[PDB]
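Residues per chain are reported as follows:
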Amino acid sequence: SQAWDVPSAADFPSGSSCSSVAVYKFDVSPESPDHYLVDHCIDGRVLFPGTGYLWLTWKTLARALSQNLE
Amino acid sequence: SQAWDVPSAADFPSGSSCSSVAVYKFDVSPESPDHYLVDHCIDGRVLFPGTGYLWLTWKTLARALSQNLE
Amino acid sequence: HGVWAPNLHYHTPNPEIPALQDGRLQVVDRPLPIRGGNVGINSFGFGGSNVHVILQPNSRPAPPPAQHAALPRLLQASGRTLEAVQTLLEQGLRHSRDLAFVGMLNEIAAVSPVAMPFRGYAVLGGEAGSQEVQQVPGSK
Amino acid sequence: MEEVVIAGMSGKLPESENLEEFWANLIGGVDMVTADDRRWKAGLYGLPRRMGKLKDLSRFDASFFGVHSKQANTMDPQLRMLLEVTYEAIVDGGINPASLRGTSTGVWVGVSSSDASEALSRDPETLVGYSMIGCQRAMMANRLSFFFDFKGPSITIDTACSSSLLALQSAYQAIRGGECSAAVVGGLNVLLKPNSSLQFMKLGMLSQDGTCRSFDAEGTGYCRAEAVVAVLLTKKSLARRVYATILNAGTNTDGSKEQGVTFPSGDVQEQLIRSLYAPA
Amino acid sequence: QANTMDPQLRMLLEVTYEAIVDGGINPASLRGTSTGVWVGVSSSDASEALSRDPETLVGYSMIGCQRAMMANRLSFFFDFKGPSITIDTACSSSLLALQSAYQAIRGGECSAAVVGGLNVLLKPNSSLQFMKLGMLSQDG
């Protein structure tokens, strides 16, 4: 009945070393850590937070820097 | 005597798709394919061609596009 | 070398297993001379896959011959460079009377100069002290 | 039916280039584990500052082993220094490797991690296809058989932390039983990808301390180190040197423990130790 | 802990149950044997997959991807206390596993074996290498 995580074609290194790009995959369903996001309900849709993009971008910068967010 | 490539830990990723970045390494010594460049001698230095950067950038774009320069 | 390697980082014995001073097991904190070896060895992979193996060391010393008495031997060897040869001959002369060792050295030395293009010899014993170290024409 | 003996040995270990260096350390009590930016960085992702690290990793004698220079920069450094330590081991015990050329002699390699192989397969258009003849696991044994001309069994086993010992078992048996007259038993493990370690810490089998407190009340976890090592097994009636003789060996496997798969079941390790002693 | 399981290992856990019961045995009648498990595996693509995102990717992936776990975790579930082993010889493997197994029964060691062959194609790089060696058929 239940179907599971099959590592995906694009999950594997397809360019090279790149300190400067990050893909974030957001899951909103009740199980995910990122369920908190469902509380940003504007006009009845669940918009990903204006603020949110800065948090990613920020995160993404410390990646490239080898340092943590703090 | 001779020392070899040990995939340095730096090599390995932090997650990426990266068709969008390209490093070009230019060698100008008389053996290299890129010796032609030594004829761009301005004021006595061998400046890499203003034009040159566009040629790289261009190249770099068709990479990301899976297509060739032509 | 006839002496167990001193284990490291052994200060205070685990309080969850006896034997650690309860007479049974003796962690090796010090370089102890071995008396009559008969050794076991464990290896357990985190996935639950174990293997033991029991070892019996060979006990046996060097006899008293009559050959190296006044008979100089020939030590030869081969390597990849002047160094690889210089070293072996160094190890030869330090043990000029160890016949097991030198015999073995000689057996190794036998390798085509296609692969080991560097050779050298030495006359152990005898007022020779005679040692050449050259390079070697390829081909047959 | 036949007597089996450890007749050759060599390897490179933490802060040790050759087994005589590795002796100095043992006797002199010198923690070969150190704090270096050698494999990766000073303490990345929280990983502990200490690891048992090989002195050099980038050395190799490429012609002697007959490998066009390019095809060597695509060789998993394990495989590189395996090709050497096993020659160093075969000759260690008074044999000329050539006297073996074409035997029914086998090769048994215990390998868990082939980090180098992912390293040289990421870049898609920038990748040379003969990396895999120099990285695929089997090549750890196969390519060792290929060079010495050992026509008997060529095999790499992965049982995690055990492996090399179960290789050295699997080998002993194959000699004992008629199959072979000599064996190359190898153990390989080189630390390259920090991720690996990070996983191991997220399981708490990793000592933040960065040490192996062998029997001391303060054991957190272990401290991963690398090593390429090889011994040469042989039937007595063929060994010019004998370090020891193998009396017995066997392996079993912790059943279904109720406390997870990582849990070392002593009630089962006992059993193994018995099978090999007292009555049998 | 299942979304971090190499799909091989997943459907191995099933095909080997499907196989033990295939031949009229109740898997349980084996629980606690001196029964072994021999897996021929070349590629564990899934393992790298869940080992790149160092904030994202969890620690118990390796209890579900490390190669040995292909056999170990199959022994773990059926309670097979005999040998647990994964071999890599490339294209052969599974057949040399089924050999290595046969011998171990033949010789007294065991009374039964699980012999497995695993290979799942996930990373396109792999194939690309194989083509750059010309052992791949463009034909397909």
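Residues numbered from 1 in each chain as written, not as in the entry; some residues may be left out. Chains lettered and ligands numbered in written order. Part of a larger assembly, values for the part shown. Heavy atoms only, no water.

**A closer look at the overall build of chain D**
Of the regular secondary structure elements, chain D holds eight helices and eight strands. Judged by the C-alpha coordinates and their principal axes, chain D covers about 55 × 50 × 40 Å. Element-wise, carbon and sulfur atoms account for 53% of the exposed surface of chain D, whose accessible area totals about 10800 Å². (Helix = DSSP H or I, 4+ residues; strand = E, 2+ residues; numbered from the N terminus. Areas by Shrake-Rupley, 256 points an atom, 1.4 Å probe, with all protein chains shown as cover.)

**Regarding empty space enclosed by the protein**
As enumerated under the stated definition, the model contains five cavities of 30 Å³ or more in all. Volume-wise, the largest cavity comes out at about 120 Å³. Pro13 of chain A, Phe12 and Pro13 of chain B, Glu118 of chain D together with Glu48 of chain E are the residues nearest the centre of the largest cavity, which is lined by 14 residues in total. At the level of elements, α4 (115-119) of chain D together with α2 (45-49) of chain E are the ones that each hand at least two residues to the lining of the largest cavity. Looking at the lining of the largest cavity residue by residue, the classes come out as six nonpolar, two polar and six charged. (1 Å grid on protein atoms, 1.4 Å probe; cavity = no way out; pocket = protein on both sides within 12 Å on 5 of 7 lines; lining within 4 Å. Points joined across faces, edges and corners; volume = space filled by probe spheres on them. Nonpolar A, V, L, I, M, F, W, Y, C, P; charged D, E, K, R; others polar.)

**Digging into the interface of chain D and chain C**
Each partner contributes to the interface: chain D provides 54 residues, whereas chain C provides 43 residues. Taken over both partners, the interface formed by chain D and chain C buries close to 4100 Å², and the fraction arising from carbon and sulfur atoms is 63%. Between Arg240 of chain D and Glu107 of chain C there is a salt bridge, with its nearest N and O atoms 3.7 Å apart. Within the residue set of the side of chain D that touches chain C, elements represented by two or more residues are α1 (21-27), α6 (164-176), β8 (244-253) and α8 (266-275) of chain D. Looking at the side of chain D that touches chain C, the element that brings in the most residues is β8 of chain D, giving 10 residues. (Contact = heavy atoms within 4.5 Å. Buried area = accessible area lost by both parts, 1.4 Å probe. Salt bridge = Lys/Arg side-chain N within 4 Å of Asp/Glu carboxyl O.)

**What about helix α3 (residues 69-78) of chain E?**
The element α3 of chain E is extensively covered by neighbouring structure, given that nine of its 10 residues are classed as buried. Buried within α3 of chain E are the following residues: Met69, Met70, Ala71, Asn72, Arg73, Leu74, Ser75, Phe76 and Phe78 of chain E. For α3 of chain E, the secondary structure elements touched by its buried residues are β2 (49-57) of chain C, β8 of chain D together with α1 (7-20), β1 (36-41), β2 (84-88) and β3 (113-118) of chain E. (Buried < 20%, exposed > 50% of the residue type's maximum accessible area, 1.4 Å probe, protein only.)

**Some remarks on the sheet that holds strand β4 (residues 118-124) of chain C**
Two orientations exist for strands paired in a sheet by backbone hydrogen bonds: parallel and antiparallel. Residue and element names in this part refer to chain C. Reading across the sheet, the three strands line up as β3-β4-β5 and stay open at both edges, with antiparallel pairing between neighbours. If you trace the sheet from one side to the other, it starts and ends with β3 (73-79) and β5 (133-135), each paired once. Direction aside, neighbouring strands of the sheet carry axes that sit 20 degrees apart on average. One ladder, built from three bridges, connects β4 with β5; its direction is antiparallel. By the bridge assignment, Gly120 is partnered in β5 with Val133. The strands touched by helix α2 (residues 99-109) are β3 and β4; relative to β3, the strand with the most contacts, the crossing angle is about 45 degrees. (Pairing = 2+ DSSP bridges. Axes fitted to C-alpha atoms, helices over the stretch in contact; angles between N-to-C directions.)

**Brief notes about a nonpolar patch on the surface**
Together, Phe26, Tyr36, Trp55, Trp58, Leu61 and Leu65 of chain A make up an exposed nonpolar region whose accessible area comes to about 640 Å². Structurally, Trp58 of chain A is set in helix α1 (residues 50-64). (Patch = residues over 30% accessible without salt bridge, like charges linked within 9 Å, V, L, I, M, F, W, Y side chains within 5 Å.)

**Description of the packing of α1 of chain E against α3 of chain E**
Residues and elements named next belong to chain E. One way to put it is that α1 packs onto α3 with a least axis distance of 10 Å and a crossing angle of 50 degrees. Overall, the two elements α1 and α3 adopt an arrangement that is oblique. Crossing angle aside, the handedness with which α1 passes α3 is right-handed. Counted together, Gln8, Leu9, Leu12, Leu13, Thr16, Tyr17 and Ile20 of α1 and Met69, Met70, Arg73, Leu74 and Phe78 of α3 form the full contact between these two elements. (Parallel < 35°, antiparallel > 145°, perpendicular 65-115°, else oblique. Left-handed = near helix turned anticlockwise from the far one by under 90°.)

**Looking at the packing of helix α3 (residues 77-90) of chain D against helix α5 (residues 139-148) of chain D**
Residue and element names in this part refer to chain D. Packing of α3 against α5 leaves a shortest axis separation of 10 Å and a crossing angle of 50 degrees. As judged from the angle between their axes, α3 and α5 are oblique. Pair α3 / α5 crosses with right-handed handedness. The residues of α5 that touch α3, namely those facing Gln78, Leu79, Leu82, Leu83, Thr86, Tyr87 and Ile90, are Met139, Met140, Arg143, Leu144 and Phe148.

**Description of unusual backbone geometry**
Notably, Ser66 of chain B is not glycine yet its phi reads approximately 70 degrees, a positive angle. Assignment of secondary structure puts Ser66 of chain B in the segment after α1 (50-64). Phi angles above zero are rare outside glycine, and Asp79 of chain E is one such case at about 75 degrees. Within the fold, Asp79 of chain E resides in the loop between α3 and β2.

**Things to note about the interface of chain A and chain D**
With six residues of chain A at the interface, the matching set in chain D holds five residues. Together, the buried faces of chain A and chain D total about 390 Å²; carbon and sulfur atoms form 60% of this surface. Together, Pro13, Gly15 and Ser66 of chain A form the three largest contributors to the area buried by chain A at its contact with chain D, with a combined 64%. Run the count over chain A and chain D and you get zero salt bridges. Along the contact surface separating chain A from chain D lie zero residue pairs in polar contact. (Polar contact = N/O pair within 3.5 Å; in protein donor to acceptor, adjacent residues only side chain to side chain.)

**Section: the layout of surface pockets**
Rolled over the atoms, a probe with the dimensions of a water molecule shows which regions are left empty. Counted as a void, the second largest pocket has a volume near 1500 Å³. Residue lining of the second largest pocket: 39 residues in total, with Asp5 and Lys25 of chain A together with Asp53, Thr56 and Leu57 of chain E positioned closest to the centre. Per-element tally for the lining of the second largest pocket: the top contributor is α1 of chain A, with four residues. When grouped by side-chain class, the residues that make up the lining of the second largest pocket number 17 nonpolar, 11 polar and 11 charged.

**Thoughts on the pairing of strand β1 (residues 39-45) of chain C**
All names here are of chain C. In the sheet, β1 pairs with β2 via seven bridges, with the strands oriented antiparallel. Bridge pairing in β2 places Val39 opposite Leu55. Once β1 ends, the chain turns through three residues before running back antiparallel as β2, passing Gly48 with a positive phi of about 90 degrees.

Fair warning: the whole summary comes from geometry, so function is off the table for now.
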